[PDB]
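*Asks:* Please find one structure pasted underneath; my questions will follow.
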4 protein chains.
Amino acid sequence: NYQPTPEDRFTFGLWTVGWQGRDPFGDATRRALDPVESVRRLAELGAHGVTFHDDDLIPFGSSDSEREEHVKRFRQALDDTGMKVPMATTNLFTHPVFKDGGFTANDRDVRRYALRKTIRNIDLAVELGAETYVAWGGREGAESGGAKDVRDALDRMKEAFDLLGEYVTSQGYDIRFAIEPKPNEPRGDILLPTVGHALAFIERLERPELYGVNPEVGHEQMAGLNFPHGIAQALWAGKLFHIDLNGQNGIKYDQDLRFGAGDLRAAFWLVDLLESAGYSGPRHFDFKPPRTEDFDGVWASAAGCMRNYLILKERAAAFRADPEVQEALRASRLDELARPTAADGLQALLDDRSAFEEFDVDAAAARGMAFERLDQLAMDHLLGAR
Amino acid sequence: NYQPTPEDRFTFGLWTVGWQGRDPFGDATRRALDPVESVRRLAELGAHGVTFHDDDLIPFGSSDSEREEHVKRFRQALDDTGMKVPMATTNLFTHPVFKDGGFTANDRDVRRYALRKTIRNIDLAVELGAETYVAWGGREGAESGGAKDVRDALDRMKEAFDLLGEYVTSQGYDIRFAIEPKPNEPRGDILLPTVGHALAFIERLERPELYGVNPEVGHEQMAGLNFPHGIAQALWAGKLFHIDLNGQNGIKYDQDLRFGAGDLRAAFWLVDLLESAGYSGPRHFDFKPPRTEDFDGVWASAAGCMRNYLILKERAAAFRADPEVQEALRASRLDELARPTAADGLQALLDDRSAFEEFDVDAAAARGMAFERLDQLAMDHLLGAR
Amino acid sequence: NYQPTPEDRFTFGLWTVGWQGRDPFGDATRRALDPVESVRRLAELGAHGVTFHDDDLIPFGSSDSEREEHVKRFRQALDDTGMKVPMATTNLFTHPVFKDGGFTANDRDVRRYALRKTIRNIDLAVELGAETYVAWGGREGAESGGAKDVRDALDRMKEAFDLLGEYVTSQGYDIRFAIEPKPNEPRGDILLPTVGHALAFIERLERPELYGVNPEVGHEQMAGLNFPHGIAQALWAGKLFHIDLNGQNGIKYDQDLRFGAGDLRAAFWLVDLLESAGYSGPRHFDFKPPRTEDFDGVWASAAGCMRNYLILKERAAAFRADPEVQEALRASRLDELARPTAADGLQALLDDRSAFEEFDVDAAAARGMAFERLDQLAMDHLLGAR
Amino acid sequence: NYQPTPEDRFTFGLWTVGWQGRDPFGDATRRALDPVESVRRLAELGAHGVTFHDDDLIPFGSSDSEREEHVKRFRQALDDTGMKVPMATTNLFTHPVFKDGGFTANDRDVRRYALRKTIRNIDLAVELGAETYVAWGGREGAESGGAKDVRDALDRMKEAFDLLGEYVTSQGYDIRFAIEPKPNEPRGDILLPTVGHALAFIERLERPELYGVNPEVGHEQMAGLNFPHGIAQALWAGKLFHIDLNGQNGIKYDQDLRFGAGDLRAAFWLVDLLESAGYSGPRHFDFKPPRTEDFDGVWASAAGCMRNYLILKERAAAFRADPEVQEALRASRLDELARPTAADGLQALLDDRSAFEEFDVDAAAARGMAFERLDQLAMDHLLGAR
């Protein structure tokens with residue numbers, strides 16, 4: 001019955017199940033969770049591991065001795081449960097000092113502090129075994145046009161990421177970076193707002209091989225974009241280092257619903273793509289149990305993230321294995337899309353009268369694509385009517 | 001009184017003022033315009049030049065002799081008026097053969113035809129003096145998830161652009177390519193949907209130096225993105241080869257309003273950026289006079305595109321020259337944003353106790369950014385209340 | 001296997017399967033269909049009836065004799081197949097004369113013509129047995145703020161609808177009106193843009209009982225609104241006279257996908273509501289087979305509209321009949337939502353210390369709503385994992 | 001220089017300038033303001049009055065004696081400054097007990113409490129002189145489809161508002177209610193999501209004359225709707241009892257920017273409409289100074305709200321008074337829009353051959369509307385280029 005096991009590589013942030021329910025208009029509805037309890041409960045549900053921001057594990061301002069105590073207790077919970085920590089990240093957004101950003105704050109002293117806070121947590125991530133270090137620049141941006149010269153801000157963003165790459169290289173660490181785009185919220189517009197902008201930026205860094213993307217379902221959907229298409233471009237570029245799964249109903253505030261909620265058909269096509277492409281990284285949930293829920297609802301929501309992934313995986317596998325679907329893909333010429341347009345080369349193409357002078361445009365235009373039949377097979381498989 | 005001259009480099013597509021007014025729900029409301037008449041009328045309004053798709057100048061299906069006659073008459077109009085042709089593009093979207101795309105159609109024979117149709121028009125663009133060749137892949141995309149394997153489609157898109165680069169290089173032409181992104185419409189989702197995705201794609205081509213972007217105001221706004229921010233990223237990457245100016249009211253169908261309509265504040269910040277960065281390319285209008293208008297309204301709309309640019313240029317220049325604005329930019333630390341975070345280097349940063357151990361986070365957090373005063377100065381300048 | 005029969009009351013517009021594929025950027029990809037052939041093909045698929053605009057059945061400009069011939073042939077097709085015509089409407093949007101509207105055109109002579117064209121088609125609708133007459137004011141609106149004084153336009157809209165009500169009453173016809181809202185497209189903003197605005201307007205007509213709404217899935221979703229919620233408000237007001245079913249992926253141009261495509265979960269909740277409320281009107285599809293398709297794809301798309309409704313009906317019925325769902329609805333207090341807050345009356349409420357002075361707010365706040373468990377049961381039922 | 005005076009009727013909520021800067025991702029950046037200090041500072045800036053939620057003035061949980069002390073100090077500040085309190089409202093959204101709503105919470109005991117909390121604050125509002133009592137049902141709604149039966153929720157919403165109307169009538173109070181719509185945030189979808197839905201709902205209350213709307217600029221723009229058009233419909237219905245002014249950049253989270261920011265052209269058309277229609281109620285700002293700002297920035301932002309209104313008022317008045325604009329309005333037939341379509345009556349219309357049989361549709365279709373010239377005059381006036 002769609003039971004997860006650690007082999008499915010499902011991971012959760014501490015801040016997901018640990019969200020207390022404060023929103024722009026309301027107070028917390030749940031008590032804080034001890035990270036140790038979250039690790040134990042997640043392990044019981046069949047998760048593989050957990051992720052953290054610095055400030056989720058070590059309260060901001062802790063002394064070195066309190067920091068050591070918090071880490072020790074957490075490591076014991078990992079040892080007791082077999083849970084892993086595949087990813088870590090920095091909180092460069094909650095504290096008022098970051099109100100205009102971390103890496104791109106106008107104040108230079110804040111930028112330096114943001115780098116030092118990040119470096120300290122890279123060391124800890126490596127100690128705990130993380131392979132990916134995420135950067136979500138949630139305060140990098142603006143509400144007004146004159147507040148931020150974007151060219152200068154991109155110079156500062158490149159400088160920061162280049163320095164972090166120098167750090168990991170000089171220390172000999174095996175950890176890679178992933179940039180998490182988001183278009184807006186909490187800033188009016190956030191820099192590097194989509195997967196595309198992040199991919200383009202990485203190509204201007206000094207050591208691009210160290211950097212990839214960590215796209216999030218709801219973030220791209222906040223710009224009305226097709227999330228599977230964006231993931232396909234990231235895969236095509238070799239840059240899908242991590243992925244964040246959740247749900248979102250359209251263009252509005254970031255809802256962080258459980259995975260499978262929101263756009264269910266997009267969730268199907270996402271799972272189809274990840275499984276077909278052989279993505280081997282964590283399936284990470286960055287979601288918020290709604291503030292209507294008590295703790296029993298928190299764990300039901302978390303379990304539902306994993307359940308929905310496993311149902312969609314079954315349905316997408318059945319779709320691709322169905323001989324009638326395989327025939328419909330050929331009827332729609334998906335096989336021809338995969339063949340080179342002109343492996344014969346430019347000159348051969350220019351000399352081929354069948355490509356222009358003698359091409360029957362009307363006969364080609366009259367051929368139906370048969371896409372609606374294909375899409376109804378996909379619908380029937382999703383719904384278990386096949 | 002804000003009178004354009006050819007030195008302002010304003011250009012218009014033939015298909016803009018020539019739009020007959022057909023929309024998804026309605027018939028044409030205006031007669032077709034002869035391109036020769038459009039060139040003459042635009043020259044009288046103070047435009048610098050015109051642009052064309054192949055099929056706007058030479059009716060689809062024309063014989064070689066009719067093609068020569070259409071080109072000859074057009075060249076005479078250019079000679080008679082002094083108008084230039086800085087940009088040309090291909091129509092790979094109107095004819096039914098392109099219903100599933102040109103470069104990424106599932107049918108291989110259509111892909112070959114699309115390349116041959118494009119190459120024929122590159123030759124003509126060079127003959128007429130164009131410096132930029134635009135590609136808008138308006139039919140490259142899908143309405144349904146199974147219809148298009150995006151990784152295979154990106155392979156086909158790269159193959160097409162690589163072949164075009166081989167062609168221009170082998171012929172010795174001085175013309176560069178610019179990719180025009182759009183998120184949707186007429187396809188449910190279009191490949192390379194934003195400036196970012198296009199910039200990232202270019203970095204995977206064989207000769208990236210030949211390719212840039214041609215962003216359009218309304219296209220990025222159809223994804224709710226900040227158009228000045230996207231242009232800043234394109235400028236930062238060295239890839240703003242051309243720009244398309246129009247207006248758009250939000251996330252909806254592509255309205256193609258005259259420039260200055262839609263988001264007026266974004267238009268101000270765009271002009272500020274283009275003029276401050278020294279962009280020297282054409283200021284091209286890709287707009288549609290609304291179908292409510294007769295021909296007098298067409299020319300009033302076109303004139304308004306240029307007028308609004310010139311008013312906004314004045315206001316942005318006055319904003320930047322105002323000593324009180326210069327003081328407010330320093331109060332908001334725009335000067336510090338332009339300074340390196342750590343020109344002293346990584347090791348110096350790690351050893352600097354003022355960046356972490358002795359950094360007074362509360363004092364830094366208490367400093368206001370003064371962004372609202374700055375933004376109200378910008379508003380006052382835009383409105384001519386300063 | 002989810003086979004429709006005429007008893008399911010599925011209906012289609014002639015203009016749906018008859019859409020030739022012209023879009024803002026492209027020519028037609030299919031030949032025109034004779035309405036007689038559409039009636040025959042739809043009847044074979046199991047539809048119950050068809051609907052029409054005047055101009056779909058009788059070409060604009062037809063003489064009285066050609067009009068009679070077109071009607072006679074259509075009536076024969078209805079007689080031969082048993083198909084019904086439950087709804088008709090007027091085309092007040094295609095012809096250039098309607099470029100600024102029909103009922104709210106600034107030109108008074110156009111407004112009078114629009115009323116006369118509508119009245120002529122009301123007579124024909126009654127002759128063919130229609131019970132509902134739809135009005136979609138697709139050209140009523142504006143691209144610019146000064147073009148339309150909305151208060152005067154609403155006066156003109158009320159005048160038009162009041163005159164139509166006087167007409168039907170004076171003739172003794174049993175046909176009711178339904179207003180079809182849409183937020184934009186083809187006008188920049190359309191008057192009466194949502195279900196809510198239309199419901200409010202109706203209350204100011206002279207004979208409100210004659211008027212209801214005809215909401216369309218994709219239209220409300222073009223404003224990012226919850227379509228089931230809007231339908232619930234229409235049902236609560238007694239005004240759901242007809243409904244138009246299709247799919248839409250978010251806030252963008254009107255896609256008119258087949259029903260079930262787009263937001264699949266919203267489609268589930270819509271069918272749940274219609275079936276639970278006992279809606280007895282037609283299930284009408286206002287959709288467009290994508291222009292990628294040939295005629296075989298047209299009929300596959302149409303069949304898919306009906307199939308998806310029937311699958312969702314089964315799943316929603318199974319959800320509501322499941323004892324575990326019934327228990328979860330009580331756990332979430334849906335039973336208490338249905339009970340009056342204060343049937344004891346105002347004074348009793350004011351004197352009840354348990355409602356304020358002695359209310360334990362912390363105990364009430366700590367109760368979870370159990371909504372995530374309920375929603376995962378709904379997901380499991382939708383997907384056939386229960 | 002655009003200096004406000006109390007005669008301009010500008011008002012501000014205590015929670016606007018008093019917003020501490022907490023957002024979904026960040027802690028407060030400003031200290032709390034004493035309401036007395038806010039009244040004094042606002043009076044110095046030229047505001048006319050202030051508004052409050054219960055919980056902004058009296059901390060939740062206060063004893064009767066602390067409540068009396070808070071009210072006394074506030075009344076002294078009003079007396080010392082001459083500031084008025086034209087509007088008050090209830091906080092039915094912050095405390096965890098309201099996590100599923102107030103008036104439409106599934107738990108009946110919460111619904112009763114929400115009514116008692118509201119009634120207590122109606123008494124206080126009347127004591128302080130308020131004329132309008134606002135209801136913003138920010139927690140009335142859902143994240144999931146099964147959580148809320150909307151028909152039952154509308155019954156509960158009507159019951160609540162009917163009881164409040166009975167209360168004010170029985171006490172003899174001269175205060176009216178205004179419903180403030182919002183489409184989403186903090187709930188996934190909020191009930192009564194737009195001006196239209198609220199207007200329609202009011203018509204089903206027992207005493208509709210007691211209820212109107214309090215629309216907010218950014219709320220309607222979160223659904224991509226035209227705010228001036230919605231205000232026009234509210235004015236046409238006689239229901240614009242109050243208005244909330246702010247700015248919003250598109251369809252995203254509620255930004256609450258200062259008035260004039262966001263969509264500047266929509267702000268112009270709004271002021272034109274309010275001043276032309278003679279709206280006499282408060283011009284209330286429901287905005288948030290961005291959390292980047294210190295207290296000096298708070299007051300600069302507040303001052304900017306009033307400044308921008310007064311600049312736009314001047315520009316709109318100059319637009320309407322310009323003889324060239326008056327001529328352009330006649331050229332566009334705004335005069336004919338204001339004349340009845342058929343004051344001659346139905347029968348005369350049916351017998352008028354000039355309305356159909358002899359109407360020259362082609363001549364009418366060829367007349368341009370001249371809307372682009374009109375809109376460029378409006379642009380020139382807005383920008384002070386006329």
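Identifiers for the structure tokens are assigned positionally: chains receive A, B, ... in sequence, residues are indexed from 1 per chain, and ligands are indexed from 1 in the order shown.
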List as a PyMOL selection string the protein and nucleic acid residues near residue 247 of chain C, meaning an atom at most 12 Å away when only C-alpha atoms are counted, but skip any in the same chain fewer than 6 places from it.
*Replies:* (chain B and resi 143-144+188) or (chain C and resi 216-222+227+253-267+270+285-289+301+304-305+308-309)
*Asks:* Keeping only N, CA and C atoms, take the residues you just selected and write them out as a compact mmCIF listing (two decimals), in the first residue's frame.
*Replies:*
```txt
# COMPACT_ATOMS: atom_id res chain seq x y z
N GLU B 143 0.76 21.74 -25.41
CA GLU B 143 -0.41 21.86 -24.54
C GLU B 143 -0.55 20.74 -23.54
N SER B 144 0.16 19.65 -23.72
CA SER B 144 0.03 18.45 -22.91
C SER B 144 1.40 17.85 -22.66
N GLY B 188 0.50 26.26 -25.13
CA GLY B 188 0.18 26.27 -23.73
C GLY B 188 1.35 26.63 -22.84
N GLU C 216 -18.09 29.54 -16.49
CA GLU C 216 -17.20 28.68 -17.25
C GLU C 216 -15.93 28.43 -16.46
N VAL C 217 -15.53 27.15 -16.39
CA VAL C 217 -14.37 26.75 -15.57
C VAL C 217 -13.18 27.64 -15.84
N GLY C 218 -12.76 27.71 -17.11
CA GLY C 218 -11.52 28.41 -17.42
C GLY C 218 -11.63 29.90 -17.18
N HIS C 219 -12.81 30.49 -17.29
CA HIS C 219 -12.95 31.94 -17.12
C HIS C 219 -12.64 32.34 -15.69
N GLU C 220 -13.20 31.65 -14.70
CA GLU C 220 -12.93 32.04 -13.35
C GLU C 220 -11.47 31.76 -13.00
N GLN C 221 -10.92 30.69 -13.57
CA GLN C 221 -9.52 30.38 -13.32
C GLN C 221 -8.57 31.38 -13.97
N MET C 222 -9.00 32.11 -15.00
CA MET C 222 -8.19 33.23 -15.55
C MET C 222 -8.03 34.40 -14.56
N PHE C 227 -13.07 27.79 -8.76
CA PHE C 227 -14.30 27.62 -9.52
C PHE C 227 -15.37 26.91 -8.71
N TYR C 253 -3.93 33.26 -21.28
CA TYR C 253 -4.97 33.26 -22.29
C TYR C 253 -5.93 32.10 -22.07
N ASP C 254 -7.17 32.26 -22.56
CA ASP C 254 -8.19 31.23 -22.43
C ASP C 254 -7.84 30.03 -23.32
N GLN C 255 -7.49 28.91 -22.69
CA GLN C 255 -7.01 27.76 -23.44
C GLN C 255 -8.13 26.88 -23.98
N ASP C 256 -9.26 26.82 -23.30
CA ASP C 256 -10.39 25.99 -23.73
C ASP C 256 -9.99 24.53 -23.91
N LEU C 257 -9.21 23.99 -22.97
CA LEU C 257 -8.85 22.58 -23.06
C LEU C 257 -10.07 21.71 -22.77
N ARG C 258 -9.97 20.44 -23.14
CA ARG C 258 -11.04 19.53 -22.79
C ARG C 258 -11.22 19.42 -21.29
N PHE C 259 -12.46 19.15 -20.89
CA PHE C 259 -12.77 19.03 -19.47
C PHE C 259 -11.96 17.87 -18.87
N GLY C 260 -11.42 18.12 -17.69
CA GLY C 260 -10.55 17.24 -16.98
C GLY C 260 -9.09 17.63 -17.11
N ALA C 261 -8.74 18.22 -18.24
CA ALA C 261 -7.41 18.81 -18.39
C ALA C 261 -7.37 20.11 -17.56
N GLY C 262 -6.21 20.68 -17.41
CA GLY C 262 -6.06 21.82 -16.54
C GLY C 262 -5.94 21.37 -15.12
N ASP C 263 -6.77 21.97 -14.27
CA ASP C 263 -6.75 21.73 -12.84
C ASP C 263 -7.64 20.54 -12.54
N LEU C 264 -7.02 19.38 -12.44
CA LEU C 264 -7.79 18.14 -12.28
C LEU C 264 -8.47 18.06 -10.91
N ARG C 265 -7.79 18.48 -9.85
CA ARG C 265 -8.44 18.45 -8.54
C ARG C 265 -9.65 19.37 -8.48
N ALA C 266 -9.55 20.55 -9.12
CA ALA C 266 -10.73 21.42 -9.16
C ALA C 266 -11.86 20.79 -9.92
N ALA C 267 -11.55 20.01 -10.94
CA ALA C 267 -12.59 19.30 -11.70
C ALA C 267 -13.30 18.27 -10.83
N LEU C 270 -15.56 20.14 -8.42
CA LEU C 270 -16.72 20.64 -9.15
C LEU C 270 -17.75 19.55 -9.35
N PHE C 285 -20.01 21.53 -22.76
CA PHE C 285 -18.59 21.69 -22.97
C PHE C 285 -18.35 22.84 -23.94
N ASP C 286 -17.64 23.84 -23.47
CA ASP C 286 -17.20 24.95 -24.30
C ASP C 286 -15.69 24.82 -24.36
N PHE C 287 -15.21 24.08 -25.35
CA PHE C 287 -13.79 23.71 -25.44
C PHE C 287 -13.39 23.80 -26.89
N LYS C 288 -12.09 23.71 -27.11
CA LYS C 288 -11.50 23.77 -28.43
C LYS C 288 -10.55 22.60 -28.58
N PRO C 289 -10.79 21.68 -29.49
CA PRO C 289 -9.75 20.69 -29.75
C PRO C 289 -8.52 21.43 -30.24
N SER C 301 -11.02 14.20 -28.53
CA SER C 301 -11.07 15.25 -27.52
C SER C 301 -12.48 15.41 -26.95
N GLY C 304 -13.33 12.61 -24.76
CA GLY C 304 -12.60 12.72 -23.50
C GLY C 304 -13.25 13.65 -22.51
N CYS C 305 -13.92 14.71 -22.99
CA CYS C 305 -14.69 15.58 -22.10
C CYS C 305 -15.69 14.77 -21.29
N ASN C 308 -14.08 12.01 -18.87
CA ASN C 308 -13.50 12.53 -17.64
C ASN C 308 -14.58 12.93 -16.64
N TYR C 309 -15.68 13.50 -17.13
CA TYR C 309 -16.78 13.79 -16.21
C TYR C 309 -17.27 12.51 -15.54
```
*Asks:* Which residues, written as JSON, numbers by chain, have at least one atom at most 8 Å from residue 375 of chain B, with only C-alpha atoms counted and residues fewer than 6 positions away on the same chain left out?
*Replies:* {"A": [144, 145, 146, 147]}
*Asks:* List the neighbours of segment 368-373 of chain A out to 7 Å using only C-alpha atoms; skip same-chain residues closer than 2 positions along the sequence, and give me the result as a PyMOL selection string.
*Replies:* (chain A and resi 331-332+366+375-377) or (chain B and resi 147) or (chain C and resi 292-294+297+300-301)
*Asks:* So which residues touch residue 167 of chain B within 10 Å, counting only C-alpha atoms, skipping near sequence neighbours fewer than 3 positions away, as a list in words?
*Replies:*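 The residues that qualify are residues 346, 347 and 350 of chain A; 119, 122, 161, 162, 163, 164, 170, 171, 172 and 173 of chain B.
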*Asks:* Going by DSSP on the backbone, which bits of segment 180-262 of chain C are strand (DSSP E or B)? Write them as number ranges by chain, please.
*Replies:* C: 189-190, 211-213, 216, 240, 244-245, 247, 257, 259, 261
*Asks:* Output N, CA, C and O atoms for every residue in the selection just made, as an mmCIF file, in the first residue's frame.
*Replies:*
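Saved to part_4.cif:
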```
data_model
loop_
_atom_site.group_PDB
_atom_site.id
_atom_site.type_symbol
_atom_site.label_atom_id
_atom_site.label_comp_id
_atom_site.auth_asym_id
_atom_site.auth_seq_id
_atom_site.Cartn_x
_atom_site.Cartn_y
_atom_site.Cartn_z
ATOM 1 N N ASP C 189 -10.020 44.407 -20.326
ATOM 2 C CA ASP C 189 -10.843 44.059 -19.174
ATOM 3 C C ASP C 189 -12.277 43.999 -19.686
ATOM 4 O O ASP C 189 -12.694 44.913 -20.397
ATOM 5 N N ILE C 190 -12.996 42.975 -19.292
ATOM 6 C CA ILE C 190 -14.382 42.759 -19.699
ATOM 7 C C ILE C 190 -15.282 43.152 -18.521
ATOM 8 O O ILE C 190 -14.957 42.892 -17.368
ATOM 9 N N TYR C 211 -33.118 35.899 -14.785
ATOM 10 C CA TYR C 211 -31.699 35.924 -15.110
ATOM 11 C C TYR C 211 -30.888 35.125 -14.091
ATOM 12 O O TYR C 211 -31.057 35.248 -12.876
ATOM 13 N N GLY C 212 -29.949 34.336 -14.608
ATOM 14 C CA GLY C 212 -28.993 33.627 -13.825
ATOM 15 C C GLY C 212 -27.617 33.714 -14.443
ATOM 16 O O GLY C 212 -27.360 34.582 -15.283
ATOM 17 N N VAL C 213 -26.719 32.829 -14.021
ATOM 18 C CA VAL C 213 -25.361 32.801 -14.539
ATOM 19 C C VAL C 213 -25.102 31.512 -15.305
ATOM 20 O O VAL C 213 -25.688 30.477 -15.030
ATOM 21 N N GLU C 216 -18.086 29.544 -16.492
ATOM 22 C CA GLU C 216 -17.203 28.682 -17.248
ATOM 23 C C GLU C 216 -15.934 28.427 -16.463
ATOM 24 O O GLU C 216 -15.293 29.350 -15.957
ATOM 25 N N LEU C 240 -27.744 29.179 -10.673
ATOM 26 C CA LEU C 240 -26.948 28.358 -11.597
ATOM 27 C C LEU C 240 -27.879 27.760 -12.658
ATOM 28 O O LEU C 240 -28.436 26.683 -12.499
ATOM 29 N N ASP C 244 -20.688 25.827 -18.135
ATOM 30 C CA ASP C 244 -19.745 25.525 -19.194
ATOM 31 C C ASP C 244 -18.474 24.894 -18.635
ATOM 32 O O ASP C 244 -17.800 25.462 -17.780
ATOM 33 N N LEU C 245 -18.146 23.730 -19.162
ATOM 34 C CA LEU C 245 -17.072 22.897 -18.671
ATOM 35 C C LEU C 245 -15.918 22.861 -19.673
ATOM 36 O O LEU C 245 -16.133 22.611 -20.872
ATOM 37 N N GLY C 247 -11.110 23.034 -19.500
ATOM 38 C CA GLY C 247 -9.921 23.082 -18.682
ATOM 39 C C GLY C 247 -9.042 24.266 -19.033
ATOM 40 O O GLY C 247 -9.085 24.822 -20.135
ATOM 41 N N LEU C 257 -9.207 23.990 -22.968
ATOM 42 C CA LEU C 257 -8.846 22.575 -23.060
ATOM 43 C C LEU C 257 -10.074 21.709 -22.767
ATOM 44 O O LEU C 257 -11.055 22.162 -22.191
ATOM 45 N N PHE C 259 -12.459 19.154 -20.894
ATOM 46 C CA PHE C 259 -12.770 19.028 -19.474
ATOM 47 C C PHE C 259 -11.960 17.874 -18.869
ATOM 48 O O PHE C 259 -11.879 16.783 -19.445
ATOM 49 N N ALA C 261 -8.736 18.218 -18.245
ATOM 50 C CA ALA C 261 -7.415 18.811 -18.392
ATOM 51 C C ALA C 261 -7.372 20.107 -17.558
ATOM 52 O O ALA C 261 -8.393 20.584 -17.093
#
```
*Asks:* Residues of segment 241-361 of chain C in alpha helix (DSSP H) according to DSSP, as a compact mmCIF listing (two decimals) with C-alpha atoms, in the first residue's frame?
*Replies:*
```txt
# COMPACT_ATOMS: atom_id res chain seq x y z
CA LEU C 264 -7.79 18.14 -12.28
CA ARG C 265 -8.44 18.45 -8.54
CA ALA C 266 -10.73 21.42 -9.16
CA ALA C 267 -12.59 19.30 -11.70
CA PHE C 268 -13.10 16.60 -9.03
CA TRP C 269 -14.46 19.10 -6.50
CA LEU C 270 -16.72 20.64 -9.15
CA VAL C 271 -18.29 17.31 -10.09
CA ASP C 272 -18.69 16.45 -6.38
CA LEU C 273 -20.57 19.68 -5.87
CA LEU C 274 -22.80 19.47 -8.95
CA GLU C 275 -23.82 15.89 -8.20
CA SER C 276 -24.29 16.50 -4.43
CA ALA C 277 -26.42 19.60 -5.08
CA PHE C 295 -10.67 15.35 -37.24
CA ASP C 296 -9.97 12.07 -35.53
CA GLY C 297 -8.39 14.09 -32.74
CA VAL C 298 -11.40 16.41 -32.59
CA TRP C 299 -13.72 13.50 -31.83
CA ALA C 300 -11.21 11.93 -29.39
CA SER C 301 -11.07 15.25 -27.52
CA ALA C 302 -14.86 15.56 -27.39
CA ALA C 303 -15.19 11.99 -26.17
CA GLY C 304 -12.60 12.72 -23.50
CA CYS C 305 -14.69 15.58 -22.10
CA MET C 306 -17.51 13.15 -21.32
CA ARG C 307 -15.25 10.33 -20.17
CA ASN C 308 -13.50 12.53 -17.64
CA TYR C 309 -16.78 13.79 -16.21
CA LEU C 310 -18.02 10.21 -15.77
CA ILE C 311 -14.76 9.03 -14.11
CA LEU C 312 -14.80 11.97 -11.71
CA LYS C 313 -18.47 11.35 -10.91
CA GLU C 314 -17.65 7.77 -9.91
CA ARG C 315 -14.72 8.84 -7.75
CA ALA C 316 -16.61 11.63 -6.01
CA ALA C 317 -19.55 9.30 -5.30
CA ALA C 318 -17.18 6.73 -3.84
CA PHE C 319 -15.55 9.40 -1.68
CA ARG C 320 -18.85 10.53 -0.22
CA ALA C 321 -20.10 6.95 0.36
CA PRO C 323 -17.68 5.29 5.87
CA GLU C 324 -14.11 6.35 6.68
CA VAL C 325 -14.69 9.64 4.82
CA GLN C 326 -17.99 10.13 6.67
CA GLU C 327 -16.12 9.68 9.95
CA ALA C 328 -13.39 12.11 8.83
CA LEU C 329 -15.99 14.74 7.92
CA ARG C 330 -17.34 14.52 11.46
CA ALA C 331 -13.78 14.70 12.85
CA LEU C 334 -18.43 19.59 8.75
CA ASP C 335 -21.56 18.53 10.65
CA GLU C 336 -21.19 21.52 12.99
CA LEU C 337 -20.72 23.92 10.05
CA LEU C 346 -29.46 37.44 19.59
CA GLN C 347 -30.52 38.01 23.19
CA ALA C 348 -29.72 34.43 24.19
CA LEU C 349 -26.30 34.76 22.55
CA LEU C 350 -25.61 38.01 24.42
CA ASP C 351 -26.55 36.40 27.73
CA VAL C 361 -10.13 30.13 23.92
```
*Asks:* Nearest to chain B: which of D:343, D:338, D:382, D:33 is it, counting only C-alpha atoms?
*Replies:* D:382
*Asks:* Return the single residue from A:166, A:27, A:7, A:322 that is closest to chain C, with distances computed using only C-alpha atoms.
*Replies:*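 Counting only C-alpha atoms, the residue closest to chain C is A:27.
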*Asks:* Fewer than 2 positions away in the same chain doesn't count, so skip those; otherwise give me all residues within 7 Å of segment 125-131 of chain A, counting only C-alpha atoms, as number ranges by chain.
*Replies:* A: 85-88, 121-123, 133, 174-176
*Asks:* Between B:193, B:281, B:250, B:61, which is the closest to residue 224 of chain D once you count only C-alpha atoms?
*Replies:*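 Counting only C-alpha atoms, the residue closest to residue 224 of chain D is B:250.
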*Asks:* Of the candidates D:29, D:282, D:108, D:8, which shows the shortest atom-to-atom distance to chain B, using only C-alpha atoms?
*Replies:*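 Of D:29, D:282, D:108, D:8, the one nearest chain B is D:29, counting only C-alpha atoms.
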